[PDB]
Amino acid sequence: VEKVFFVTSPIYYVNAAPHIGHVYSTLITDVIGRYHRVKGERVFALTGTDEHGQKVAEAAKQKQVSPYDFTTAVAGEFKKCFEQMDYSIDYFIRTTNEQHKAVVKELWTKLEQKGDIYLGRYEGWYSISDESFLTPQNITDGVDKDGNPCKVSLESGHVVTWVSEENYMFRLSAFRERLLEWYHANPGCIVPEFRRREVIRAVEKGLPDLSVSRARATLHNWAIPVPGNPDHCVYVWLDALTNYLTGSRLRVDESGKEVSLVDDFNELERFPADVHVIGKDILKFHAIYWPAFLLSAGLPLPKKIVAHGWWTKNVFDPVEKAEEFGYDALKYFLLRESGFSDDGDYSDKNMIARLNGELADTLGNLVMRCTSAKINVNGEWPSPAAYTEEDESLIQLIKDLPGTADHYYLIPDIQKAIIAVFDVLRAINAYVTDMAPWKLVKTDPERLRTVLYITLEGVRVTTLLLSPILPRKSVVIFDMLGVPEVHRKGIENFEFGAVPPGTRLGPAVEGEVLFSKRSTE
């Protein structure tokens, strides 16, 4: 089916300021989005804030301001951060939004009508900071900010409290079999695989019913009322997970403000998400609860959930570090340095290593070589002569790259996609050192044409597939290479030889550097 490619970040709690956790999650969302736009598809990327809850109100209480003021402000801080980071997210959703609340009421009522919601009790442990229900096996001893003998979550380490409330309960136990079918039938639906195996083991152990309402007093009334029972409020997580459904039904205008909420999700061709980007901290909510709610309501399940190494909830300010090293450079580092186990190194020493070693020396260097007036004497893409077997060996790599990178982007594994491109860049540099085109201006012009054309085309294709990672620098590179706008996106232009010979380069700046190297501290 030809739909809108729907990619989402998680919606972040507004109890605190934007930090790297959120910037990272939304960066992954943004890159996936951009890739599918470069591929020439329709894209809706969603991000936003998660504004109801005991945890938010109790943080608004701390600053001694009303919940409406505190959330609006922090939401603003989030919006500004994402504009500074230079994402291309299509909409910013807020759970305080009135359209969103309508959708939550719709969904709640649908679940009630199915007989999947009932009035019961929850008597157990709860982490206010995680907004998570925990069994006694998931808790152990620890300390509070006041350093007293309290209990804490094994998951997160935040403080837990015992809760004994009469709650509206969701019949999650009844969705154990159908969830297991979904996992085993769609083995790519949770990524990476070891997290898929985690979710499956957990559901096989057994599922308790899930409390989906709280008594309004406990939430400091900062929540959505349960339809037809204002004594209770809706669990922040059913509220929160529903943002994806809300998002898929909002018409948005030129400026990014929402204007209309359609009745039927099919009208906009967005639901369900093709990728949900999340941190490992919130895997169970997205891989167990969410599909069960959607199963209950007769809605379609998402295609992929990708859970990364960081935690979604010693200073490291992204906006500071981007101002010091470059914006695209930082994004490159975060996407290249870590896969899906979180153990990677985020020191300056390392970023500089990757900035100099890879962005400057591999990519940047190569861009300057194939454009410089010394080597490229006519300032154009020359017409190639006949190809050696060494020429063919490089061309073959260039031709294979798009398919390879495409499979990686689709997993999705953005680290592996980058690596695949840089493998081809390293190869092109090797070909250039070997060919030595700087010598060939004097001795052999017929040959230089061939060498230079291949270089240029390798640089174009590598740059095209890197454009979701380095969106600004890719534009600068293409300008230098003189690539017409039409050839900068679309699967058509993944093919070798898309730009014809005789294409003129962009004008040069006598002092232009693509990536400037920085000192080993």
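Numbering starts at 1 and follows the sequence shown. If you superpose the two forms and keep the largest set of C-alpha atoms that fall within 1.5 Å, you have the rigid core.
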Subject >> Greatest C-alpha divergence in 8 other deposited structures of this protein once each structure is fitted on the rigid core, 341-349 or 83-91 >> reply: 341-349
**OP:** After fitting on the rigid core, pick out whichever of 304-312 or 407-415 shows the bigger RMS C-alpha deviation in 8 other deposited structures of this protein.
**Re:** 304-312
Subject >> Extent of unmodelled deposited sequence, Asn314 relative to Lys313 >> reply: 10 or more
**OP:** Could you check the entry and say whether 187-195 or 430-438 has the higher mean CA B-factor?
**Re:** 430-438
Subject >> Stretch with the greater mean C-alpha B-factor as recorded in the entry, comparing 90-98 against 333-341 >> reply: 333-341
Original post:
Which one, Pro300, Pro318, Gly403, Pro208, has the peak C-alpha temperature factor per the PDB entry?
Top reply: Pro318
**OP:** Please pick out which of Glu165, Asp413, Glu258, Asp274 has the largest Cα B-factor as recorded in the entry.
**Re:** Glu258
Subject >> For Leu172, the third of its chain into which the C-alpha B factor falls >> reply: lowest
**OP:** Please place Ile282 in the lowest, middle or highest third of its chain by C-alpha B factor as given in the entry.
**Re:** middle
Original post:
Hey, what third does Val509 fall into on Cα B-factor, ranked over its chain?
Top reply: highest
Subject >> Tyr35, C-alpha B-factor rank within chain (lowest, middle or highest third) >> reply: lowest
**OP:** Taking the values exactly as deposited, rank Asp423 by C-alpha B-factor within its chain and report the matching third: lowest, middle or highest.
**Re:** lowest
